[PDB]
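To start, the structure itself, in structure tokens.
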Amino acid sequence: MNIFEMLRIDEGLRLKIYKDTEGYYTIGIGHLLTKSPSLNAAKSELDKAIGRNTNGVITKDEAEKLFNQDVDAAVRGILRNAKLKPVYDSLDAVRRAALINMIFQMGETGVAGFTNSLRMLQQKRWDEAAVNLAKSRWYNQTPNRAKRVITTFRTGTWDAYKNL
């Protein structure tokens, strides 16, 4: 268990281009390709990102490389966000992955809005943070995933991912 496996499970890994919920071309582990409605355009973007003429199809390895790039971007983002940096800075390794998981799902700005829960996490008030997060829209919208992430924050272990 590592971040890649965690996200592969939570977000799912797609080897072919598809449309996200906002109707935007995406691939791999939730990797947004473009907001253009043009598939050719998405295809061009994809080849660039993968560094291969893929004709809209990628390998798991290529998805992982892609994923790493996103993680890196997420980390740089966190590091320039006054609401997230302090929490991230305080978190142990597994909890960091749980936070990055959230960013993958909702975007940095969206995660940064969980003001109170973030504070609790920074304070190491695990159960309190868990209870607070269980009240969220996010929890009620994608409960299975949210519950896994929450359990990860509560325990600091990968326990929620052991038997899926």
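Letters A, B, ... mark the chains of the structure tokens in the order given; residue numbers begin at 1 per chain; ligand numbers begin at 1, in order shown.
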Within 12 Å of stretch 106-128 of chain A, which residues of stretch 14-91 of chain A show up? Give each one with its shortest atom-to-atom distance in Å (one decimal) and the two atoms involved, counting only C-alpha atoms, rows by chain then rising residue number, as a tab-separated table.
residue	atom	partner	partner_atom	distance
A:21	CA	A:106	CA	11.6
A:30	CA	A:106	CA	10.7
A:31	CA	A:107	CA	11.7
A:32	CA	A:107	CA	11.4
A:70	CA	A:107	CA	11.3
A:71	CA	A:108	CA	11.8
A:73	CA	A:108	CA	10.5
A:74	CA	A:108	CA	7.6
A:75	CA	A:108	CA	10.0
A:76	CA	A:108	CA	10.8
A:77	CA	A:108	CA	7.4
A:78	CA	A:108	CA	7.5
A:79	CA	A:108	CA	10.9
A:80	CA	A:108	CA	10.6
A:81	CA	A:112	CA	8.1
A:82	CA	A:112	CA	8.8
A:83	CA	A:112	CA	5.8
A:84	CA	A:112	CA	6.0
A:85	CA	A:112	CA	9.8
A:86	CA	A:122	CA	7.3
A:87	CA	A:122	CA	4.8
A:88	CA	A:122	CA	7.8
A:89	CA	A:122	CA	8.6
A:90	CA	A:122	CA	6.0
A:91	CA	A:122	CA	7.1
What would the file look like if the residues just selected were written as a compact mmCIF listing (two decimals), in the first residue's frame with N, CA and C atoms?
# COMPACT_ATOMS: atom_id res chain seq x y z
N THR A 21 -17.09 13.96 -14.85
CA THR A 21 -18.42 14.40 -14.48
C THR A 21 -18.83 15.75 -15.05
N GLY A 30 -7.92 9.86 -12.87
CA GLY A 30 -8.53 11.20 -12.86
C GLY A 30 -7.72 12.34 -13.49
N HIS A 31 -6.81 12.03 -14.44
CA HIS A 31 -6.01 13.05 -15.06
C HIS A 31 -6.77 13.85 -16.13
N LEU A 32 -7.08 15.14 -15.81
CA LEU A 32 -7.80 16.00 -16.76
C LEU A 32 -6.93 16.33 -17.95
N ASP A 70 0.93 14.29 -11.23
CA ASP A 70 -0.19 14.97 -10.57
C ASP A 70 0.11 15.12 -9.07
N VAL A 71 0.64 14.09 -8.47
CA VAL A 71 0.96 14.16 -7.06
C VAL A 71 1.93 15.29 -6.87
N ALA A 73 2.32 17.90 -8.62
CA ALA A 73 1.64 19.18 -8.75
C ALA A 73 0.81 19.48 -7.53
N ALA A 74 0.17 18.46 -6.99
CA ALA A 74 -0.65 18.66 -5.82
C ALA A 74 0.20 19.16 -4.64
N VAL A 75 1.38 18.54 -4.47
CA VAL A 75 2.28 18.92 -3.39
C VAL A 75 2.74 20.37 -3.57
N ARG A 76 3.12 20.73 -4.81
CA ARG A 76 3.56 22.12 -5.00
C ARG A 76 2.42 23.11 -4.68
N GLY A 77 1.21 22.70 -5.02
CA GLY A 77 0.04 23.52 -4.80
C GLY A 77 -0.14 23.70 -3.30
N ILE A 78 -0.12 22.57 -2.58
CA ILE A 78 -0.28 22.61 -1.13
C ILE A 78 0.67 23.61 -0.51
N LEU A 79 1.91 23.49 -0.99
CA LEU A 79 2.98 24.33 -0.52
C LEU A 79 2.83 25.82 -0.77
N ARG A 80 1.91 26.20 -1.66
CA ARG A 80 1.64 27.60 -1.94
C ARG A 80 0.25 27.96 -1.45
N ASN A 81 -0.34 27.11 -0.61
CA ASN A 81 -1.67 27.38 -0.11
C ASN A 81 -1.63 27.63 1.39
N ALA A 82 -1.97 28.83 1.83
CA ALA A 82 -1.89 29.09 3.26
C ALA A 82 -2.80 28.26 4.14
N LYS A 83 -3.89 27.72 3.56
CA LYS A 83 -4.81 26.91 4.34
C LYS A 83 -4.40 25.46 4.47
N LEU A 84 -3.68 24.96 3.47
CA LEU A 84 -3.26 23.57 3.44
C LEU A 84 -1.85 23.31 3.94
N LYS A 85 -0.92 24.22 3.61
CA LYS A 85 0.46 23.97 4.03
C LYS A 85 0.67 23.58 5.49
N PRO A 86 0.09 24.36 6.39
CA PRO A 86 0.31 24.04 7.80
C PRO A 86 -0.17 22.66 8.22
N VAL A 87 -1.30 22.23 7.64
CA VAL A 87 -1.85 20.92 7.99
C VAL A 87 -0.94 19.87 7.42
N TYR A 88 -0.70 19.97 6.10
CA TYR A 88 0.18 19.00 5.45
C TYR A 88 1.50 18.88 6.18
N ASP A 89 2.09 20.04 6.49
CA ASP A 89 3.37 20.09 7.17
C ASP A 89 3.36 19.31 8.48
N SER A 90 2.20 19.26 9.10
CA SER A 90 2.10 18.59 10.37
C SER A 90 1.78 17.13 10.28
N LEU A 91 1.35 16.69 9.10
CA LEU A 91 0.92 15.31 9.01
C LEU A 91 1.98 14.26 8.80
Open item on the list: Excluding residue A:156 and its own-chain neighbours fewer than 2 positions away, which residues fall within 7 Å of it when counting only C-alpha atoms? Please give them as a ChimeraX atom specification.
Closed with: /A:94-95,152-154
- [ ] Considering only C-alpha atoms, state which residue in the set A:2, A:163, A:34, A:151 is at the smallest distance from residue A:19.
- [x]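 For residue A:19, the nearest of the candidates is A:34.
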Open item on the list: What's around residue A:24 at 10 Å? Count only C-alpha atoms, leave out sequence neighbours fewer than 3 positions away in its own chain, and write the answer as a list in words.
Closed with: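 Everything that qualifies: residues 17, 18, 19, 20, 21, 27, 32, 33, 34, 35, 36, 37, 38, 39 and 42 of chain A.
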Task: Interatomic distance, atom CA of residue A:96 to atom CA of residue A:148 (Å, one decimal) - done: 13.9 Å
Open item on the list: With only C-alpha atoms as the counted atoms, please give the residues lying no more than 12 Å from residue A:161, apart from itself and same-chain residues fewer than 5 positions off, as a list in words.
Closed with: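 The contact residues come out as residues 1, 2, 3, 5, 6, 7, 8, 9, 10, 94, 98, 144, 145, 147, 148, 149, 150, 151 and 152 of chain A.
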Could you save those same residues with N, CA and C atoms as a compact mmCIF listing (two decimals), in the first residue's frame?
# COMPACT_ATOMS: atom_id res chain seq x y z
N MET A 1 0.83 -1.19 0.00
CA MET A 1 0.00 0.00 0.00
C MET A 1 0.86 1.24 0.00
N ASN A 2 0.49 2.14 -0.90
CA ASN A 2 1.10 3.43 -1.12
C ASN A 2 0.04 4.30 -1.77
N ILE A 3 0.39 5.55 -1.99
CA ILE A 3 -0.54 6.52 -2.57
C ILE A 3 -1.13 6.16 -3.93
N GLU A 5 -1.51 3.05 -5.14
CA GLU A 5 -2.52 2.02 -4.97
C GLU A 5 -3.82 2.57 -4.36
N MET A 6 -3.69 3.46 -3.38
CA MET A 6 -4.83 4.07 -2.70
C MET A 6 -5.74 4.82 -3.68
N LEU A 7 -5.09 5.62 -4.54
CA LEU A 7 -5.84 6.38 -5.53
C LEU A 7 -6.35 5.51 -6.69
N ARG A 8 -5.56 4.52 -7.03
CA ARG A 8 -6.02 3.67 -8.07
C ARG A 8 -7.34 3.06 -7.63
N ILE A 9 -7.46 2.71 -6.35
CA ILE A 9 -8.69 2.11 -5.85
C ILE A 9 -9.82 3.13 -5.76
N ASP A 10 -9.51 4.26 -5.12
CA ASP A 10 -10.51 5.29 -4.91
C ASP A 10 -10.98 6.02 -6.17
N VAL A 94 1.19 8.67 6.04
CA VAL A 94 -0.06 8.10 5.57
C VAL A 94 -1.16 9.16 5.53
N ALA A 98 -3.85 10.72 2.55
CA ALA A 98 -5.30 10.90 2.66
C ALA A 98 -5.66 12.34 2.21
N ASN A 144 -18.43 5.79 0.34
CA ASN A 144 -17.47 4.70 0.45
C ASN A 144 -16.05 5.24 0.44
N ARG A 145 -15.78 6.07 -0.54
CA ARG A 145 -14.46 6.64 -0.61
C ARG A 145 -14.17 7.53 0.60
N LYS A 147 -15.46 7.47 3.50
CA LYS A 147 -15.24 6.70 4.72
C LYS A 147 -13.83 6.12 4.79
N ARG A 148 -13.28 5.70 3.67
CA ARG A 148 -11.93 5.15 3.65
C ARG A 148 -10.90 6.21 4.01
N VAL A 149 -11.06 7.37 3.36
CA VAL A 149 -10.16 8.48 3.63
C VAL A 149 -10.23 8.90 5.11
N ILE A 150 -11.47 8.97 5.61
CA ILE A 150 -11.69 9.37 6.99
C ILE A 150 -11.02 8.39 7.95
N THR A 151 -11.21 7.09 7.68
CA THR A 151 -10.59 6.08 8.53
C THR A 151 -9.09 6.20 8.47
N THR A 152 -8.58 6.55 7.31
CA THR A 152 -7.15 6.74 7.21
C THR A 152 -6.68 7.91 8.13
Task: strand (DSSP E) per DSSP on the backbone: members of chain A, as a ChimeraX atom specification - done: /A:14-19,25-28,31-32
Written selection (N, CA and C atoms) as a PDB file, in the first residue's frame:
ATOM      1  N   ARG A  14      -8.276   4.418 -15.470  1.00  0.00           N
ATOM      2  CA  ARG A  14      -8.848   4.220 -16.805  1.00  0.00           C
ATOM      3  C   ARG A  14      -7.742   4.322 -17.831  1.00  0.00           C
ATOM      4  N   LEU A  15      -7.653   3.325 -18.705  1.00  0.00           N
ATOM      5  CA  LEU A  15      -6.604   3.281 -19.726  1.00  0.00           C
ATOM      6  C   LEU A  15      -6.978   3.937 -21.044  1.00  0.00           C
ATOM      7  N   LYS A  16      -8.256   4.306 -21.145  1.00  0.00           N
ATOM      8  CA  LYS A  16      -8.816   4.954 -22.320  1.00  0.00           C
ATOM      9  C   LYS A  16      -9.426   6.287 -21.935  1.00  0.00           C
ATOM     10  N   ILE A  17      -9.365   7.228 -22.875  1.00  0.00           N
ATOM     11  CA  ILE A  17      -9.929   8.543 -22.620  1.00  0.00           C
ATOM     12  C   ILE A  17     -11.415   8.442 -22.288  1.00  0.00           C
ATOM     13  N   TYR A  18     -11.854   9.303 -21.414  1.00  0.00           N
ATOM     14  CA  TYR A  18     -13.259   9.317 -21.094  1.00  0.00           C
ATOM     15  C   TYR A  18     -13.618  10.716 -20.678  1.00  0.00           C
ATOM     16  N   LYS A  19     -14.910  10.914 -20.472  1.00  0.00           N
ATOM     17  CA  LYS A  19     -15.408  12.206 -20.035  1.00  0.00           C
ATOM     18  C   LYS A  19     -15.633  12.241 -18.545  1.00  0.00           C
ATOM     19  N   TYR A  25     -12.611  15.602 -21.014  1.00  0.00           N
ATOM     20  CA  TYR A  25     -11.720  14.502 -21.321  1.00  0.00           C
ATOM     21  C   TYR A  25     -10.673  14.321 -20.227  1.00  0.00           C
ATOM     22  N   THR A  26     -10.615  13.089 -19.756  1.00  0.00           N
ATOM     23  CA  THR A  26      -9.717  12.680 -18.707  1.00  0.00           C
ATOM     24  C   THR A  26      -9.177  11.302 -19.044  1.00  0.00           C
ATOM     25  N   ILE A  27      -8.106  10.927 -18.337  1.00  0.00           N
ATOM     26  CA  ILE A  27      -7.519   9.595 -18.504  1.00  0.00           C
ATOM     27  C   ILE A  27      -6.767   9.205 -17.226  1.00  0.00           C
ATOM     28  N   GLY A  28      -6.452   7.910 -17.103  1.00  0.00           N
ATOM     29  CA  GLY A  28      -5.689   7.376 -15.966  1.00  0.00           C
ATOM     30  C   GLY A  28      -6.416   7.496 -14.638  1.00  0.00           C
ATOM     31  N   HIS A  31      -6.811  12.027 -14.436  1.00  0.00           N
ATOM     32  CA  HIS A  31      -6.007  13.053 -15.062  1.00  0.00           C
ATOM     33  C   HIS A  31      -6.768  13.854 -16.134  1.00  0.00           C
ATOM     34  N   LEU A  32      -7.079  15.140 -15.811  1.00  0.00           N
ATOM     35  CA  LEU A  32      -7.803  15.996 -16.758  1.00  0.00           C
ATOM     36  C   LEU A  32      -6.930  16.334 -17.951  1.00  0.00           C
TER      37      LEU A  32
END
Open item on the list: To one decimal place in Å, what is the distance between atom CA of residue A:60 and atom CA of residue A:29?
Closed with: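 Atom CA of residue A:29 lies at a distance of 9.8 Å from atom CA of residue A:60.
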TODO: Please give the complete set of residues from chain A that DSSP, run on the backbone, assigns to helix (DSSP H, G or I), formatted as a ChimeraX atom specification.
DONE: /A:3-11,39-50,60-78,85-90,93-106,108-112,115-122,126-133,137-141,143-155,159-161
Task: Separation of atom CA of residue A:58 from atom CA of residue A:44 in Å - done: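 Atom CA of residue A:58 lies 13.3 Å from atom CA of residue A:44.
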